[PDB]
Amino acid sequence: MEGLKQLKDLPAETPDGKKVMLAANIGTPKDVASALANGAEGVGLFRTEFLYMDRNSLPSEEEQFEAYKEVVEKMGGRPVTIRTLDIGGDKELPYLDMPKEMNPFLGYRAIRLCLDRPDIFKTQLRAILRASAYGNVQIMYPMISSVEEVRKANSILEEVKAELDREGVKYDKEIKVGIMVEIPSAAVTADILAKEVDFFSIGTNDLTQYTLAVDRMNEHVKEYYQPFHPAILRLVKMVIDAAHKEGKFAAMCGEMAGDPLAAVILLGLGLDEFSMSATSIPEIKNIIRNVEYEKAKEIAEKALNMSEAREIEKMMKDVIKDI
């Protein structure tokens, strides 16, 4: 159990040899310095909303390319998982002419908006592909409910690769493309999805809201938001096993991956990559390095055996005290 300075370049590896990747969640190129300072082994989630927010026009391909390239370069070969536009009309960005909706979190947002406006989508995919020439880039589509949507998005991505091929512009021909798991059907169908994605990243904040049908930002029902509800851990297990079966990796970029309480459970379920606010890295690292993977599997099994979030919460608190 050690200090930050010492932990920085030590691996997140249990005493019995299981290693996991601890990576950072960022929302602007400026977040990279902190990320490296805490020993981030990649970016598990580069949110790209910053390029569309606080302005009255679409970000140009050039502008996005520069921001993506910056991060990719600075991470020095470490994987950078760029999530495509994941914005809905709940965010007032007038130039996007979003429709006024009763339930925006259930509406025309993210991948749905991108599929309906392939022009916007193409511009972003071209910037990401161009940036992949300079480092280790993965693409993550959000808001995916079905393998049919992944097919539609990849057909647009293939269209963009071919323009780039025509133009003599370089990109990583082997670029990895996965999806964020947040719509419940994506976890319920991960076996079907796992055949056509390169990885999954579990957006647990969003998955919890959809699965428990709760808007966590609604003050009148915030208590219904319970990430430790057994349904959430069951969906996570489903997603991880399904990735693994097809030989693909499972990451988690939801808040839960940076929560000390969840660490041993995640480790035991076999999560491959934990992605989180950079300052959380050392804390989860200390946990993984001090808990045997065999014992973590056992803890995850016990947690999976429980019927109530609060019992799971209480047990994890005990596990973390025991150290």
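Quick note: we count residues from 1 along the sequence shown, nothing fancier.
Judged by mean Cα B factor in the deposited record, 192-200 ranks above the other of 219-227 and 192-200. Per the PDB record, of the two stretches 310-318 and 14-22, 310-318 carries the greater mean B-factor over its C-alpha atoms.
Across the options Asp86, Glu73, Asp241, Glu149, the residue with the most elevated CA B-factor in the record is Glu73.
Highest C-alpha temperature factor among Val177, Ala131, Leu115, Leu93 per the entry: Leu93.
Annotation for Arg234: C-alpha temperature factor in the lowest third relative to the rest of the modelled chain, per the entry. Ranked by Cα temperature factor within the chain, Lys295 sits in the highest third according to the deposited record. Among the modelled residues of its chain, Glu182 has a C-alpha B-factor that falls in the middle third according to the deposited record. When all modelled residues of the chain are sorted by CA temperature factor, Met102 is found within the lowest third.
Sort the modelled residues of the chain by CA B factor and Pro29 lands in the highest third.
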